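Single chain ahead, by itself, as structure tokens, in the form deposited in one PDB entry.
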């Protein structure tokens, strides 16, 4: 009898909501999803079918998987964890009512107090470890299922974690996303000024990654050039080939150094010198 996630929660892109925003307003969707054919996180209990409980909870995104201070909310959610009876006539079941409620950094102690008052910790991490400051910007769902043993008594299946989910609000944990864009032709030599209308970025950790497999180059600009987390004004990179003859058409995309995420690329038209 073993749990397995046949559809992970759509990692980057959802913005955890504070409890103070009109309550609800959505749910966690799965890696693969789109409005035409929507999705929500799912697990396929394997090697068993029937009655039991399908408990979930949020856990630290790294090594000591400590109960994380945010709270899941939705149908059958309480004290921070979703807990309900799973439908017995199927082995693949999804949760379309999973919300991630975040806590204001100040009530951050009251929560981790609740994450052991309420008796919550899949991995049984020591209080010592629970003290270390949290990364209230990323969570992992922890599906820990209870099926029935050959006899009939409750059986605690192994807790399995889902790919981390990252807030969208946190300007450093978001999904890089170019928007409009001054231009893209430039030339083999490079030194050209483009205006980029990025989504909320950060002047310390971000940088246009001109590239094209067989090459790769950042755009020349500076923190001063990053206009309100929103606009970046760089100069077209010298191409690797600084004596082109015909139009190589590489690809530029905002890259975030720290985490290394990159964005859906665009089409820069590196022209003949």
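Numbering follows the first chain given and starts at 1. Here the rigid core means the biggest group of C-alpha atoms that line up within 1.5 Å when the two forms are laid on top of each other.
In what follows, reference is made to the form deposited in another entry, a form of this protein that is not presented.
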Of the residues 175, 129, 107, 193, superposed on the core between the shown form and the other one, only the C-alpha of one moves by 2 Å or more, and that residue is 129
Does superposing the core leave residue 204 with a CA shift of 2 Å or more between the shown form and the other one? no
Fitting the rigid core first, would the Cα of residue 226 be found 2 Å or more away between the shown form and the other one? no
Core-superposed comparison between the shown form and the other one, residue 217 Cα displacement 2 Å or beyond: no
